[PDB]
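See below for final_34.cif, which holds mmCIF, C-alpha atoms and all ligand atoms.
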data_data
loop_
_atom_site.label_atom_id
_atom_site.label_comp_id
_atom_site.auth_asym_id
_atom_site.auth_seq_id
_atom_site.Cartn_x
_atom_site.Cartn_y
_atom_site.Cartn_z
CA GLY A 3 35.50 -21.57 76.89
CA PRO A 4 36.86 -25.17 77.19
CA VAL A 5 40.59 -25.87 76.72
CA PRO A 6 41.36 -27.73 73.38
CA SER A 7 42.74 -31.29 73.23
CA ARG A 8 44.08 -33.71 70.61
CA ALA A 9 44.95 -37.43 70.54
CA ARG A 10 48.51 -38.32 71.72
CA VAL A 11 48.75 -40.96 68.91
CA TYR A 12 47.63 -41.06 65.24
CA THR A 13 46.74 -37.38 65.56
CA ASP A 14 47.12 -36.42 61.91
CA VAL A 15 46.40 -39.71 60.06
CA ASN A 16 43.26 -38.27 58.38
CA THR A 17 44.85 -34.82 57.72
CA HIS A 18 47.54 -36.47 55.51
CA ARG A 19 45.08 -38.59 53.56
CA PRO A 20 42.97 -37.65 50.59
CA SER A 21 39.37 -36.60 51.04
CA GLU A 22 38.27 -39.82 49.36
CA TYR A 23 39.34 -41.66 52.59
CA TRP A 24 37.34 -39.67 55.16
CA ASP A 25 34.67 -37.83 53.13
CA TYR A 26 31.95 -40.41 53.61
CA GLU A 27 29.21 -38.01 52.36
CA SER A 28 30.75 -38.12 48.82
CA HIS A 29 31.36 -41.91 48.84
CA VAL A 30 29.49 -43.80 46.09
CA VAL A 31 27.70 -46.87 47.41
CA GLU A 32 26.84 -49.69 44.99
CA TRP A 33 24.16 -52.24 46.10
CA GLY A 34 24.51 -56.00 45.26
CA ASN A 35 21.65 -58.45 44.72
CA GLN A 36 19.75 -59.46 47.88
CA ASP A 37 18.52 -62.57 45.92
CA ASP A 38 22.00 -64.12 46.55
CA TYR A 39 21.04 -64.31 50.26
CA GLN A 40 18.37 -66.40 51.99
CA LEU A 41 17.50 -65.24 55.53
CA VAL A 42 17.55 -68.15 58.07
CA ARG A 43 16.77 -66.62 61.54
CA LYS A 44 16.70 -63.39 63.61
CA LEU A 45 19.91 -62.92 65.70
CA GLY A 46 19.00 -59.65 67.41
CA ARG A 47 17.33 -56.24 67.23
CA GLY A 48 18.90 -52.78 67.66
CA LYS A 49 17.44 -49.27 67.59
CA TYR A 50 17.42 -49.02 63.80
CA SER A 51 18.72 -52.47 62.87
CA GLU A 52 17.62 -56.12 62.67
CA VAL A 53 20.39 -58.73 62.45
CA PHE A 54 19.81 -62.06 60.70
CA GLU A 55 21.68 -65.26 60.05
CA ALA A 56 21.63 -65.90 56.30
CA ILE A 57 22.88 -68.24 53.58
CA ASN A 58 24.74 -67.00 50.53
CA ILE A 59 22.95 -69.36 48.02
CA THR A 60 25.75 -68.99 45.41
CA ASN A 61 28.32 -70.84 47.65
CA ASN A 62 26.21 -72.37 50.56
CA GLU A 63 28.16 -70.13 53.03
CA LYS A 64 26.73 -68.70 56.21
CA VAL A 65 26.65 -64.85 56.49
CA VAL A 66 25.18 -62.21 58.80
CA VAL A 67 22.76 -59.65 57.29
CA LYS A 68 22.17 -56.35 59.13
CA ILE A 69 19.00 -54.70 57.81
CA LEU A 70 19.02 -50.98 58.68
CA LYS A 71 15.98 -48.78 59.14
CA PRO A 72 17.05 -45.90 56.88
CA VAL A 73 16.39 -43.02 59.29
CA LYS A 74 19.55 -41.12 58.35
CA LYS A 75 21.30 -41.67 55.01
CA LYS A 76 24.42 -39.84 56.20
CA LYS A 77 24.89 -42.28 59.09
CA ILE A 78 24.53 -45.29 56.79
CA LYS A 79 27.15 -43.85 54.44
CA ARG A 80 29.52 -43.24 57.33
CA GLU A 81 29.25 -46.85 58.58
CA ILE A 82 29.75 -48.28 55.02
CA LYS A 83 32.82 -46.10 54.35
CA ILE A 84 34.39 -47.00 57.73
CA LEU A 85 33.68 -50.72 57.19
CA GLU A 86 35.23 -50.57 53.68
CA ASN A 87 38.26 -48.65 55.09
CA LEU A 88 38.80 -51.19 57.89
CA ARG A 89 38.07 -54.32 55.80
CA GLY A 90 40.68 -57.01 56.54
CA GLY A 91 41.93 -55.35 59.73
CA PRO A 92 42.77 -57.69 62.68
CA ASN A 93 39.60 -58.78 64.54
CA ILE A 94 37.41 -56.27 62.65
CA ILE A 95 34.08 -57.66 61.35
CA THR A 96 34.37 -58.13 57.55
CA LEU A 97 31.78 -56.42 55.34
CA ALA A 98 31.28 -58.87 52.45
CA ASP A 99 28.46 -57.11 50.53
CA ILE A 100 26.10 -54.08 50.59
CA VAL A 101 22.60 -54.95 49.31
CA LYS A 102 19.08 -53.53 48.89
CA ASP A 103 15.76 -55.35 48.87
CA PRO A 104 14.48 -55.10 45.22
CA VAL A 105 10.96 -54.32 46.65
CA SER A 106 11.18 -52.39 50.04
CA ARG A 107 14.66 -50.98 48.98
CA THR A 108 15.80 -51.14 52.68
CA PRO A 109 19.65 -51.02 52.92
CA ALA A 110 21.30 -54.16 54.28
CA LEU A 111 24.95 -54.85 55.17
CA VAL A 112 26.25 -58.38 54.66
CA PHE A 113 29.07 -59.58 56.94
CA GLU A 114 31.18 -62.71 57.54
CA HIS A 115 29.43 -65.11 59.93
CA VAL A 116 30.68 -65.25 63.56
CA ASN A 117 29.74 -68.27 65.69
CA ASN A 118 29.33 -66.29 68.94
CA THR A 119 29.45 -68.68 71.97
CA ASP A 120 26.76 -67.98 74.65
CA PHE A 121 28.54 -65.71 77.15
CA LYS A 122 26.27 -66.70 80.12
CA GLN A 123 28.05 -70.14 80.21
CA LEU A 124 31.41 -68.52 79.11
CA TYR A 125 31.57 -65.85 81.96
CA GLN A 126 31.77 -68.57 84.69
CA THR A 127 34.33 -70.82 82.88
CA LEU A 128 36.72 -67.99 81.69
CA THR A 129 40.10 -68.03 83.49
CA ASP A 130 42.67 -65.26 84.29
CA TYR A 131 44.45 -66.36 80.98
CA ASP A 132 41.27 -66.23 78.76
CA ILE A 133 40.51 -62.60 79.87
CA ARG A 134 44.16 -61.58 79.09
CA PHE A 135 43.91 -63.39 75.70
CA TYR A 136 40.58 -61.82 74.60
CA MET A 137 41.50 -58.31 75.96
CA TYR A 138 44.64 -58.44 73.72
CA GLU A 139 42.45 -59.46 70.69
CA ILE A 140 40.23 -56.38 71.29
CA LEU A 141 43.34 -54.19 71.64
CA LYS A 142 44.51 -55.44 68.22
CA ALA A 143 41.21 -54.27 66.69
CA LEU A 144 41.41 -50.86 68.49
CA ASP A 145 45.08 -50.16 67.71
CA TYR A 146 44.25 -50.97 64.11
CA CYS A 147 41.12 -48.80 63.77
CA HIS A 148 42.78 -45.87 65.68
CA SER A 149 45.87 -46.16 63.34
CA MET A 150 43.30 -45.89 60.47
CA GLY A 151 41.97 -42.59 61.99
CA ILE A 152 38.73 -44.09 63.32
CA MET A 153 37.21 -44.21 66.81
CA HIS A 154 34.64 -46.99 67.39
CA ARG A 155 32.76 -45.01 70.14
CA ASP A 156 30.51 -48.00 71.08
CA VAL A 157 32.93 -50.45 72.74
CA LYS A 158 30.91 -52.81 75.03
CA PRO A 159 30.42 -56.65 75.47
CA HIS A 160 27.42 -56.71 73.08
CA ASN A 161 29.73 -55.37 70.32
CA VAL A 162 32.39 -58.06 70.85
CA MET A 163 31.71 -61.46 69.20
CA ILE A 164 33.70 -64.41 70.51
CA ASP A 165 33.84 -67.89 68.88
CA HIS A 166 35.39 -69.51 71.99
CA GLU A 167 35.97 -72.97 70.32
CA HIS A 168 38.12 -71.39 67.57
CA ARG A 169 39.36 -68.55 69.93
CA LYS A 170 38.16 -66.02 67.28
CA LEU A 171 37.12 -62.44 68.21
CA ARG A 172 35.43 -59.75 66.16
CA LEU A 173 34.62 -56.14 67.04
CA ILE A 174 31.24 -55.40 65.41
CA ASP A 175 28.66 -52.56 65.02
CA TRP A 176 30.52 -49.69 63.50
CA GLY A 177 27.28 -47.63 63.29
CA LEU A 178 28.52 -45.02 65.82
CA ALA A 179 32.16 -45.03 64.56
CA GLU A 180 33.64 -41.75 63.35
CA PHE A 181 36.73 -40.30 61.64
CA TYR A 182 39.05 -38.57 64.07
CA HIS A 183 40.01 -35.02 62.97
CA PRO A 184 42.17 -33.06 65.48
CA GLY A 185 40.29 -30.14 67.05
CA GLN A 186 36.86 -31.42 65.89
CA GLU A 187 33.97 -31.19 68.40
CA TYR A 188 31.93 -34.41 68.40
CA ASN A 189 28.41 -35.32 69.57
CA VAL A 190 28.63 -36.69 73.13
CA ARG A 191 25.46 -38.83 72.63
CA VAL A 192 27.51 -41.95 71.70
CA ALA A 193 28.39 -45.27 73.53
CA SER A 194 26.08 -47.16 75.86
CA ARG A 195 25.50 -45.52 79.30
CA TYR A 196 27.67 -47.90 81.38
CA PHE A 197 30.65 -47.53 78.99
CA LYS A 198 30.44 -43.76 78.52
CA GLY A 199 33.72 -41.98 79.27
CA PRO A 200 33.76 -39.01 81.70
CA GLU A 201 34.46 -36.66 78.69
CA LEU A 202 30.98 -37.53 77.33
CA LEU A 203 29.16 -37.21 80.71
CA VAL A 204 30.74 -33.73 81.38
CA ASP A 205 29.85 -32.70 77.75
CA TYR A 206 33.57 -32.27 76.64
CA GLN A 207 33.17 -32.48 72.83
CA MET A 208 36.86 -32.49 71.74
CA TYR A 209 37.41 -36.20 72.56
CA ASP A 210 39.49 -38.83 70.67
CA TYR A 211 40.48 -42.57 70.42
CA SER A 212 41.03 -42.54 74.21
CA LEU A 213 37.21 -42.72 74.62
CA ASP A 214 37.50 -46.37 73.41
CA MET A 215 40.18 -47.02 76.09
CA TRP A 216 37.79 -45.90 78.88
CA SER A 217 35.05 -48.23 77.50
CA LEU A 218 37.57 -51.13 77.37
CA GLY A 219 38.58 -50.50 81.03
CA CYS A 220 34.81 -50.79 81.99
CA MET A 221 34.60 -54.21 80.28
CA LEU A 222 37.89 -55.27 81.90
CA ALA A 223 36.68 -54.19 85.39
CA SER A 224 33.34 -56.05 84.94
CA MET A 225 35.19 -59.21 83.81
CA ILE A 226 37.94 -59.35 86.47
CA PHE A 227 35.67 -58.29 89.38
CA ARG A 228 32.55 -60.20 88.15
CA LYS A 229 30.43 -57.05 88.51
CA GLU A 230 28.24 -56.30 85.48
CA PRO A 231 28.15 -53.46 84.70
CA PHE A 232 31.05 -52.03 86.73
CA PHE A 233 29.68 -48.42 86.84
CA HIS A 234 25.92 -48.87 87.11
CA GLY A 235 24.39 -45.45 86.48
CA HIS A 236 20.59 -45.07 86.13
CA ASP A 237 21.02 -42.00 83.80
CA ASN A 238 23.84 -40.00 82.23
CA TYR A 239 24.27 -37.69 85.24
CA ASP A 240 24.11 -40.60 87.73
CA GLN A 241 26.66 -42.45 85.56
CA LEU A 242 29.28 -39.77 86.47
CA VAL A 243 28.35 -40.13 90.17
CA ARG A 244 28.97 -43.97 89.98
CA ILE A 245 32.40 -43.23 88.48
CA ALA A 246 33.15 -40.56 91.17
CA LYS A 247 32.18 -43.17 93.89
CA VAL A 248 35.23 -45.19 92.65
CA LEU A 249 37.75 -42.66 91.24
CA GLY A 250 36.87 -39.93 93.81
CA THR A 251 35.68 -36.32 93.37
CA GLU A 252 39.21 -34.86 93.92
CA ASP A 253 40.64 -36.16 90.59
CA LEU A 254 37.29 -35.22 88.93
CA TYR A 255 37.71 -31.51 89.82
CA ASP A 256 41.38 -31.69 88.65
CA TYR A 257 40.15 -33.00 85.23
CA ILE A 258 37.47 -30.35 84.73
CA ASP A 259 39.96 -27.59 85.90
CA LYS A 260 42.64 -28.85 83.46
CA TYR A 261 40.20 -28.52 80.49
CA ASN A 262 38.21 -25.50 81.83
CA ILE A 263 35.01 -27.61 81.61
CA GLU A 264 31.75 -26.13 82.87
CA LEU A 265 30.05 -28.77 85.09
CA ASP A 266 26.30 -28.94 84.34
CA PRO A 267 24.03 -27.61 87.22
CA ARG A 268 22.28 -31.05 87.45
CA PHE A 269 25.51 -32.36 89.11
CA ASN A 270 25.29 -29.81 91.99
CA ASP A 271 22.98 -31.87 94.29
CA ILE A 272 23.99 -35.45 93.20
CA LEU A 273 27.81 -35.45 92.99
CA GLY A 274 28.68 -35.21 96.70
CA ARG A 275 32.23 -35.85 97.96
CA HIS A 276 33.91 -39.18 97.46
CA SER A 277 37.36 -40.48 98.36
CA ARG A 278 39.51 -42.23 95.78
CA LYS A 279 39.00 -45.98 96.25
CA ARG A 280 41.84 -48.61 96.07
CA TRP A 281 41.17 -51.18 93.24
CA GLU A 282 41.92 -53.99 95.80
CA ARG A 283 38.54 -53.21 97.57
CA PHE A 284 36.61 -54.82 94.63
CA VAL A 285 38.45 -58.16 95.13
CA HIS A 286 36.20 -60.86 96.68
CA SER A 287 36.13 -64.68 96.96
CA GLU A 288 34.05 -64.97 93.74
CA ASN A 289 36.59 -63.04 91.59
CA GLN A 290 40.07 -63.34 93.28
CA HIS A 291 41.12 -66.07 90.77
CA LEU A 292 40.89 -63.39 87.93
CA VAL A 293 42.59 -60.52 89.80
CA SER A 294 46.36 -59.89 90.00
CA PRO A 295 48.63 -56.85 90.81
CA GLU A 296 49.32 -56.63 86.99
CA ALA A 297 45.56 -56.59 86.19
CA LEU A 298 44.98 -53.83 88.85
CA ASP A 299 47.93 -51.76 87.55
CA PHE A 300 46.56 -52.18 84.00
CA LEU A 301 42.98 -51.22 85.01
CA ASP A 302 44.25 -48.18 86.96
CA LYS A 303 46.02 -46.92 83.76
CA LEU A 304 42.79 -47.20 81.66
CA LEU A 305 40.16 -45.91 84.10
CA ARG A 306 41.45 -42.33 84.46
CA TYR A 307 39.31 -39.16 84.19
CA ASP A 308 41.94 -37.46 82.02
CA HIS A 309 41.47 -38.93 78.53
CA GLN A 310 45.11 -37.90 77.69
CA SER A 311 46.50 -39.78 80.75
CA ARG A 312 44.93 -43.13 79.64
CA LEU A 313 47.08 -45.74 77.90
CA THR A 314 46.79 -45.75 74.11
CA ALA A 315 45.92 -49.20 72.61
CA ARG A 316 49.63 -49.71 71.67
CA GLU A 317 50.95 -48.77 75.17
CA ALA A 318 48.29 -51.13 76.65
CA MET A 319 49.47 -54.09 74.45
CA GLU A 320 53.00 -53.52 75.97
CA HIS A 321 51.76 -53.72 79.60
CA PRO A 322 53.08 -56.56 81.92
CA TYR A 323 49.43 -57.84 82.09
CA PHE A 324 49.97 -59.20 78.52
CA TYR A 325 53.46 -60.86 79.08
CA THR A 326 51.89 -64.34 79.21
CA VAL A 327 49.96 -63.80 75.92
CA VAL A 328 50.65 -64.59 72.18
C1 LIG B 1 26.19 -61.16 71.88
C2 LIG B 1 27.06 -60.97 73.11
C3 LIG B 1 28.52 -61.00 72.78
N1 LIG B 1 29.36 -60.79 73.96
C4 LIG B 1 30.46 -61.75 74.04
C5 LIG B 1 31.60 -61.28 74.91
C6 LIG B 1 32.27 -60.10 74.63
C7 LIG B 1 33.36 -59.69 75.39
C8 LIG B 1 33.80 -60.46 76.47
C9 LIG B 1 35.00 -60.01 77.22
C10 LIG B 1 34.98 -58.85 77.99
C11 LIG B 1 36.10 -58.43 78.67
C12 LIG B 1 37.27 -59.15 78.61
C13 LIG B 1 37.31 -60.31 77.85
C14 LIG B 1 36.19 -60.73 77.17
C15 LIG B 1 33.10 -61.63 76.76
CL1 LIG B 1 33.57 -62.62 78.10
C16 LIG B 1 32.02 -62.03 76.00
#
Step by step, read the file and then write its structure as structure tokens.
Ligand SMILES: CCC[NH2+]Cc1ccc(-c2ccccc2)c(Cl)c1
Amino acid sequence: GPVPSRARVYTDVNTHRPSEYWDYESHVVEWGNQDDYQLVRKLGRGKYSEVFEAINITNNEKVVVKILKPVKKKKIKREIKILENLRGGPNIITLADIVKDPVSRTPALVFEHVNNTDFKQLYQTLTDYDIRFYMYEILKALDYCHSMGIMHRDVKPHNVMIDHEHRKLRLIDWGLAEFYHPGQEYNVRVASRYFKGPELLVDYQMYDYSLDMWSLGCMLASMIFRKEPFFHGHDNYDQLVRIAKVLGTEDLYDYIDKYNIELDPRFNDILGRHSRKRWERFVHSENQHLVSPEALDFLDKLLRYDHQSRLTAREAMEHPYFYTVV
């Protein structure tokens, strides 16, 4: 069968804590009064969630209300428990209240408001420095949640809110987040296609916090090379092929040999043979002002097939790419 794996950092944080911390199924959720909140406007729509800008009428303060289509109670409980556990962590979205509609009884999560700047105007004005600055703010959030025994599992630009004027960053949407337990086999149907780590695409279930480090490398590559998304797969199988077109098929076979992974037969006719590409080949006139040897060394240490060989969030924060920050 497949070779077992465990995280290189924060491996046993949940093992040494009481069940109350990680047993989200047994957590008691207490709903506030939705009458304290007046919905202003629709901010977005997810699979089972509608996000609104709201007013807390009791203090005239702006909040964000995430109304969830209750399709799975267990999932809702998991998200609430994780949000409560992480509350007050650096750059983590703050859950302020948990409420139900007196009538429809739909669950709704109330969060601190984030004045997210339009990224379409932001992407062109961001400098080498701004990318280093915001990448470090995301690392703060990830080192924190991993130290708390949680993996986000949905790291992507749509889950990162930036108030550029106040240089404020928040990692949101903890709906796919999970407690890390060493040796546990997780569902690979997590993260958004372009940000899915090779472990997920080869169906290697014993993954850890390092999944988030792959996803972060994908956002970093798209930002520094101005190529969105960086790995543009059309399905989950093709997504591995797009990765192999960059990292090469040689290191891919080394990774699946190391963990005795059985490669799905659907990869037989699409994978082909690809050489390992130098990161310098993605440098062009449109992006050379954001690229540096430090950035390429940093990216090379995140985008690795072997989830164990990737930098942890703490090792990443210590990289020379961040010397000019904070
Ligand atoms: C509602 C869409 C929110 N998205 C905002 C956003 C999120 C992340 C980034 C970012 C990605 C990589 C490195 C540095 C920053 C940016 Cl530029 C913009």
Residues within 8 Å of ligand LIG 1 (chain B) should be enumerated using only C-alpha atoms and all ligand atoms and returned as a PDB file with C-alpha atoms, keeping the file's coordinate frame.
ATOM      1  CA  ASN A 118      29.330 -66.290  68.940  1.00  0.00           C
ATOM      2  CA  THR A 119      29.450 -68.680  71.970  1.00  0.00           C
ATOM      3  CA  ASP A 120      26.760 -67.980  74.650  1.00  0.00           C
ATOM      4  CA  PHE A 121      28.540 -65.710  77.150  1.00  0.00           C
ATOM      5  CA  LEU A 124      31.410 -68.520  79.110  1.00  0.00           C
ATOM      6  CA  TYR A 125      31.570 -65.850  81.960  1.00  0.00           C
ATOM      7  CA  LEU A 128      36.720 -67.990  81.690  1.00  0.00           C
ATOM      8  CA  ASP A 132      41.270 -66.230  78.760  1.00  0.00           C
ATOM      9  CA  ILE A 133      40.510 -62.600  79.870  1.00  0.00           C
ATOM     10  CA  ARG A 134      44.160 -61.580  79.090  1.00  0.00           C
ATOM     11  CA  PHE A 135      43.910 -63.390  75.700  1.00  0.00           C
ATOM     12  CA  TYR A 136      40.580 -61.820  74.600  1.00  0.00           C
ATOM     13  CA  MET A 137      41.500 -58.310  75.960  1.00  0.00           C
ATOM     14  CA  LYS A 158      30.910 -52.810  75.030  1.00  0.00           C
ATOM     15  CA  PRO A 159      30.420 -56.650  75.470  1.00  0.00           C
ATOM     16  CA  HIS A 160      27.420 -56.710  73.080  1.00  0.00           C
ATOM     17  CA  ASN A 161      29.730 -55.370  70.320  1.00  0.00           C
ATOM     18  CA  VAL A 162      32.390 -58.060  70.850  1.00  0.00           C
ATOM     19  CA  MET A 163      31.710 -61.460  69.200  1.00  0.00           C
ATOM     20  CA  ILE A 164      33.700 -64.410  70.510  1.00  0.00           C
ATOM     21  CA  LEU A 218      37.570 -51.130  77.370  1.00  0.00           C
ATOM     22  CA  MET A 221      34.600 -54.210  80.280  1.00  0.00           C
ATOM     23  CA  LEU A 222      37.890 -55.270  81.900  1.00  0.00           C
ATOM     24  CA  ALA A 223      36.680 -54.190  85.390  1.00  0.00           C
ATOM     25  CA  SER A 224      33.340 -56.050  84.940  1.00  0.00           C
ATOM     26  CA  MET A 225      35.190 -59.210  83.810  1.00  0.00           C
ATOM     27  CA  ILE A 226      37.940 -59.350  86.470  1.00  0.00           C
TER      28      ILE A 226
END
**OP:** Measure the distance from CA of residue 324 (chain A) to CA of residue 281 (chain A) in Å and round it to one decimal.
**Re:**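 It comes out at 18.9 Å.
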**OP:** Find the distance between CA of residue 303 (chain A) and CA of residue 213 (chain A) and write it in Å to one decimal.
**Re:**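 One can read the CA of residue 303 (chain A) to CA of residue 213 (chain A) distance as 13.4 Å.
Using only C-alpha atoms, the nearest neighbour of residue 83 (chain A) within the list A:26, A:325, A:113, A:196 is A:26.
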**OP:** May I ask for the distance between CA of residue 166 (chain A) and CA of residue 123 (chain A), given in Å to one decimal place?
**Re:**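 Result for CA of residue 166 (chain A) versus CA of residue 123 (chain A): 11.0 Å, one decimal.
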**OP:** Have a look at A:286, A:38, A:82, A:216 and name the one nearest to residue 311 (chain A); count all atoms listed in the file.
**Re:**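 Of all the options, A:216 lies closest to residue 311 (chain A).
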Original post:
Quick one: of A:150, A:249, A:84, A:98, who's nearest to residue 180 (chain A), counting all atoms listed in the file?
Top reply: A:84
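The protein and nucleic acid residues lying at most 6 Å from region 201-207 of chain A are residues 187, 188 and 190 of chain A, with all atoms listed in the file considered and sequence neighbours fewer than 5 positions away removed.
Closest approach to residue 90 (chain A) from the set A:25, A:114, A:32, A:151 is made by A:114, with distances taken over all atoms listed in the file.
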Subject >> Selected residue, from A:156, A:86, A:99, A:63, that lies nearest to residue 22 (chain A) when counting only C-alpha atoms >> reply: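 Among the listed residues, the smallest separation from residue 22 (chain A) belongs to A:86.
Between residue 261 (chain A) and the residues A:290, A:208, A:301, A:194, the shortest atom-to-atom distance, using all atoms listed in the file, involves A:208.
Every protein, DNA or RNA residue with an atom at most 9 Å from residue 56 (chain A), where only C-alpha atoms count and chain neighbours fewer than 5 positions away do not, is listed here: residues 39, 40, 41, 42, 43, 63, 64, 65, 66, 67, 112 and 115 of chain A.
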Original post:
Can you tell me, as a list in words, what residues are no more than 9 Å from residue 198 (chain A) when counting only C-alpha atoms, ignoring any on the same chain fewer than 6 positions away?
Top reply: residues 155, 156, 192, 213, 216, 217, 220, 238, 241 and 242 of chain A
Spatial neighbours of region 209-212 of chain A, 7 Å, only C-alpha atoms, chain gap at least 4 places, as a JSON list (two decimals) with C-alpha atoms, in the frame of the given file:
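Saved to part00.json:
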[["chain", "number", "residue", "atom", "x", "y", "z"],
["A", 8, "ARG", "CA", 44.08, -33.71, 70.61],
["A", 9, "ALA", "CA", 44.95, -37.43, 70.54],
["A", 148, "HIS", "CA", 42.78, -45.87, 65.68],
["A", 153, "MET", "CA", 37.21, -44.21, 66.81],
["A", 182, "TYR", "CA", 39.05, -38.57, 64.07],
["A", 201, "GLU", "CA", 34.46, -36.66, 78.69],
["A", 216, "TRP", "CA", 37.79, -45.90, 78.88],
["A", 309, "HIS", "CA", 41.47, -38.93, 78.53],
["A", 312, "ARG", "CA", 44.93, -43.13, 79.64],
["A", 314, "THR", "CA", 46.79, -45.75, 74.11]]
Original post:
So which residues touch residue 177 (chain A) within 6 Å, counting only C-alpha atoms, skipping near sequence neighbours fewer than 2 positions away, as an MDAnalysis selection string?
Top reply: chainID A and resid 81 175 179
**OP:** Take the point (42.3, -48.3, 61.1) in the file's coordinates, draw a sphere of radius 8 Å around it, and report as a VMD selection string every protein, DNA or RNA residue with an atom inside or on it, counting all atoms listed in the file.
**Re:** chain A and resid 87 to 88 91 144 to 152
